[PDB]
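Here the structure is laid out as structure tokens; the discussion comes afterwards.
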Amino acid sequence: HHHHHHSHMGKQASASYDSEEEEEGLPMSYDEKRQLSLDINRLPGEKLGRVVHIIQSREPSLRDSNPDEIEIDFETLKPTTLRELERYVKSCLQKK
Amino acid sequence: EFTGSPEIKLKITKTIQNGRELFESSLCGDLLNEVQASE
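Protein sequence lines correspond, in order, to chains A and B. Using the authors' numbering, read the first sequence as starting at 1 and increasing by one per residue. Using the authors' numbering, read the second sequence as starting at 146 and increasing by one per residue.
In structure tokens form, the structure reads like this:
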């Protein structure tokens, strides 16, 4: 009356990931800042949801100082951020 | 003299208006000239 039962089992695997898409940071011309500004200006207040959101996301000093009167200075912003405004607007213009 | 500033910027004013509260784009609209001739 005696038994012997050894059992050892140890597993791991999790290498499924894919997300790293970088911004272009492309040279945005001054004419493109003005055009972009006008194209966002013709978009109504609830379309401005993403617009202001990515400006507060990049620029934290505006977020804390003025959550009310948020000066989105297109001509003096990041060309990466201006590409995010570019991505949004052209997706919201060019249907299909 | 003027010393007027252009600046390509839209001041998004977080306002509450209508049945649906919306915030709208504006700018720093002070120091009006509004036509001249006697100058």
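In this text, a Cβ means the ideal position worked out from N, Cα and C, and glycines have one as well.
- Taking C-beta atoms under 8 Å as the contact rule, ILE153(B) and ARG42(A) fail to qualify, at a distance of about 15 Å.
- When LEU82(A), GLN94(A) and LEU48(A) are compared, the shortest CA-CA separation from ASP31(A) is found for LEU82(A).
- With fewer than 16 other Cβ atoms from the protein chains shown falling within 10 Å of its own Cβ, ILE161(B) counts as exposed.
- Between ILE54(A) and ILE157(B), the C-beta gap is not smaller than 8 Å, which leaves the two residues out of contact.
- Distance between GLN56(A) and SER37(A), taken at the CA atoms: about 17 Å.
- Contact check for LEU48(A) against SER170(B) passes: the beta carbons are separated by less than 8 Å.
- Counting C-beta atoms within 10 angstroms of its own C-beta, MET9(A) has fewer than 16 neighbours from the protein chains shown and is therefore classed as exposed.
- If you draw a straight line from the Cα of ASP68(A) to the Cα of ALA182(B), it is about 39 Å long.
- Of all residues in the stretch 14-26 of chain A, none is placed with a Cβ closer than 7 Å to any Cβ belonging to chain B.
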